[PDB]
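Participant: fold the stuff below for me.
(one chain, ligands or ions: 1)
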Amino acid sequence: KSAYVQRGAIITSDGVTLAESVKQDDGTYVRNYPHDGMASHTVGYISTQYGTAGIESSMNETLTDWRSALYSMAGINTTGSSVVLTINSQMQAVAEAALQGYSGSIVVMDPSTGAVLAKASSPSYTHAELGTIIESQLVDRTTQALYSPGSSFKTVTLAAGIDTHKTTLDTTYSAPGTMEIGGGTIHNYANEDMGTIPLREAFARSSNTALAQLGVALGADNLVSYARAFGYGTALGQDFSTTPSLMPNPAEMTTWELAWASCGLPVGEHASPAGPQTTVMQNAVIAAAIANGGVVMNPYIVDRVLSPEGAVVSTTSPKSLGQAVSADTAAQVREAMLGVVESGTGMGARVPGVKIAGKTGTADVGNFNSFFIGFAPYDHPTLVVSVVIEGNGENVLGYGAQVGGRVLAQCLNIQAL
Ligand SMILES: *C(=O)[C@@H](NC(=O)c1c(-c2ccccc2Cl)noc1C)[C@@H]1N[C@@H](C(=O)O)C(C)(C)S1
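Facilitator: Numbers count the residues shown, from 1 in each chain. Sure, the structure comes next:
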């Protein structure tokens with residue numbers, strides 16, 4: 001009976017329709033996807049073969065007595081209501097252009113609300129291609145793929161160390177090329193001996209040996225608690241599905257495992273999952289919480305629902321998942337992240353004439369992935385970005401940062417119009 005009931009439209013915040021139902025002469029309705037290929041994973045689909053995904057799935061209730069027995073009356077009475085997303089089409093096009101030629105994903109988010117302004121996964125597909133045989137492409141690498149976050153997770157270790165008042169940005173750390181911890185070995189990248197340096201510098205240069213010592217000083221309970229307070233263990237998304245980011249049961253962790261976890265590498269062996277394992281969306285949520293004075297927002301992608309004749313049925317409200325760190329801690333972490341871009345591993349994210357802050361990472365998976373989270377402008381951030389570029393075959397060292405800065409710069413100009 002449901003082919004005869006018109007399905008509501010899915011529309012961007014700037015007024016671009018990405019999904020629509022069209023009436024047949026038959027009486028039935030056919031699902032049409034204008035600008036087919038934009039925000040495909042987010043818009044989603046309902047397919048017998050390929051399953052259901054995205055807004056088509058999560059808002060299916062919304063987009064979907066005596067008259068019900070008459071199929072001829074299904075068309076007149078009740079139309080589906082439409083969904084206006086928080087996605088902006090120009091920011092979406094920006095994120096999609098930056099992923100051309102690469103596998104991975106980008107999220108652009110408003111740090112004060114958690115509104116998702118761009119959400120792109122690559123490789124992507126068109127709805128036309130769902131009517132044919134295809135495999136990778138269908139995985140939503142923003143929300144439904146887990147990755148070792150590598151050094152980008154040091155944002156959480158740093159935040160926890162500062163928030164528990166166990167260290168400060170100017171506290172010095174030995175940052176040798178190799179160190180014995182928990183009866184195993186931790187190395188800096190390239191075995192680089194950095195000598196004794198302040199934590200802000202250990203963070204800007206992404207020393208594993210330094211940040212591992214902080215993780216060990218923190219202990220497993222604190223490291224796991226802080227990860228969870230940033231959202232680990234929560235299925236992020238008010239109105240979309242994200243697979244929870246994972247940490248171990250702290251009681252099961254060893255010291256060596258702890259050392260590695262605090263650098264973003266999951267090496268545990270126990271009943272509970274190894275961690276951290278992250279989504280890109282979770283990485284955005286962390287950057288956003290840091291950008292927003294420590295207040296974690298549950299991200300969302302629907303702005304509002306519109307009745308068939310264009311009335312506002314309802315509006316999403318921003319909702320907090322709590323205060324993960326104090327405002328004072330957040331300002332310190334923001335400062336440390338500025339250092340990453342101004343003088344450490346994130347210089348590829350620099351954009352002349354605007355202050356960009358962030359944290360980079362690289363995780364071995366002979367393949368490695370490149371991560372970046374960041375926000376801008378440094379003073380009064382209005383945007384957050386989270387990026388993964390998957391190596392696969394290629395060396396992609398530093399690519400996440402170059403992509404991140406580019407996306408932020410172009411999204412700021414869009415914001416400005
Ligand atoms: C965290 O991402 C860090 N990554 C590494 O150190 C990592 C290594 C490596 C080499 C020897 C012993 C242990 C490990 Cl994990 N191999 O692959 C990567 C490079 C640092 N962060 C990165 C950046 O912020 O992206 C680096 C490249 C500066 S190293």
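Participant: what residues does the stretch 151-300 of the chain put near the ligand?
Facilitator: By the rule Cβ under 6 Å from any ligand atom, the part of the stretch 151-300 of the chain lying against the ligand is 151, 187, 189, 206, 208, 263-265. (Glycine included, C-beta is placed from N, CA and C.)
Participant: mind putting those residues into JSON lines with secondary structure and neighbour count?
Facilitator: As requested, those are exported to JSON lines (DSSP: H, G, I helix; E, B strand; the rest coil; neighbours: other Cβ atoms under 10 Å):
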{"residue": "151", "secondary structure": "helix", "neighbour count": "24"}
{"residue": "187", "secondary structure": "strand", "neighbour count": "15"}
{"residue": "189", "secondary structure": "helix", "neighbour count": "14"}
{"residue": "206", "secondary structure": "coil", "neighbour count": "24"}
{"residue": "208", "secondary structure": "helix", "neighbour count": "28"}
{"residue": "263", "secondary structure": "coil", "neighbour count": "28"}
{"residue": "264", "secondary structure": "coil", "neighbour count": "29"}
{"residue": "265", "secondary structure": "coil", "neighbour count": "24"}
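Participant: other residues contacting stretch 262-276?
Facilitator: Outside stretch 262-276, the residues within contact range by Cβ atoms under 8 Å, 6 or more residues apart in numbering are 148-154, 156-157, 186, 208, 211-212, 214-216, 218, 223, 227, 232, 245-249, 252-254, 256-257, 260-261, 277, 361, 363.
Participant: go through those residues and flag which are in helices.
Facilitator: The helices, defined by DSSP state H, take in 154, 156-157, 208, 211-212, 214-216, 218, 223, 227, 256-257, 260-261 from the contacts of stretch 262-276.
Participant: tell me how far residue 345 lies from the ligand.
Facilitator: 4 Å (Cβ to the nearest ligand atom, to the nearest Å).
Participant: oops, could you answer that again for residue 106 instead?
Facilitator: Going from residue 106 to the ligand by Cβ to the nearest ligand atom gives 17 Å.
Participant: what's near enough to touch residue 200?
Facilitator: 169-170, 335-336, 339.
Participant: quick check: residues of the stretch 301-417 of the chain near the ligand?
Facilitator: Neighbours of the ligand within the stretch 301-417 of the chain, by Cβ under 6 Å from any ligand atom: 345, 360-364, 368.
Participant: so which residues of this protein form helices?
Facilitator: Applying DSSP H to the chain gives helices spanning 40-43, 54-58, 60-63, 74-77, 89-98, 154-163, 199-204, 208-218, 220-229, 255-261, 280-291, 327-343, 399-416.
Participant: how about TSV for these, with distance to residue 5 added?
Facilitator: Formatted as TSV, the helices of the chain follow (distance: least, Cβ to Cβ, whole Å):
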stretch	distance to residue 5
helix 40-43	20
helix 54-58	15
helix 60-63	10
helix 74-77	5
helix 89-98	28
helix 154-163	47
helix 199-204	55
helix 208-218	55
helix 220-229	42
helix 255-261	50
helix 280-291	32
helix 327-343	48
helix 399-416	36
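Participant: closest residue of the stretch 1-150 of the chain to the ligand?
Facilitator: When scored by Cβ to the nearest ligand atom, the stretch 1-150 of the chain has residue 150 as its residue closest to the ligand, at 3.3 Å.
Participant: quick one: that residue and residue 73, what's the gap?
Facilitator: 58 Å (Cβ to Cβ, to the nearest Å).
Participant: neighbour count winner among those two?
Facilitator: Per other Cβ atoms under 10 Å, whichever of residue 150 and residue 73 has more neighbours is residue 150, with 24 against 14.
Participant: that one: what's it in contact with?
Facilitator: By Cβ under 8 Å, 6+ apart, the contact list for residue 150 reads 263-265, 361-363, 369, 371.
Participant: mind doing that once more with 6 Å?
Facilitator: Shown in contact with residue 150 (Cβ atoms under 6 Å, 6 or more residues apart in numbering): 264, 361-363.
Participant: what's across from the closest residue to it other than its chain neighbours in the sheet?
Facilitator: Excluding its sequence neighbours, the residue lying closest to residue 150 (Cβ to Cβ, 6 or more residues apart in numbering) is residue 363, at 3.3 Å. Beta bridges link residue 363 to residue 369, judged by DSSP bridges.
Participant: residue 363 and residue 370 touch, don't they?
Facilitator: No - counting by Cβ atoms under 6 Å, residue 370 is not a contact partner of residue 363; they are 8.4 Å apart.
Participant: more neighbours: the two, which one.
Facilitator: With neighbours defined as other Cβ under 10 Å, residue 363 and residue 370 compare such that residue 370 has more, 28 against 23.
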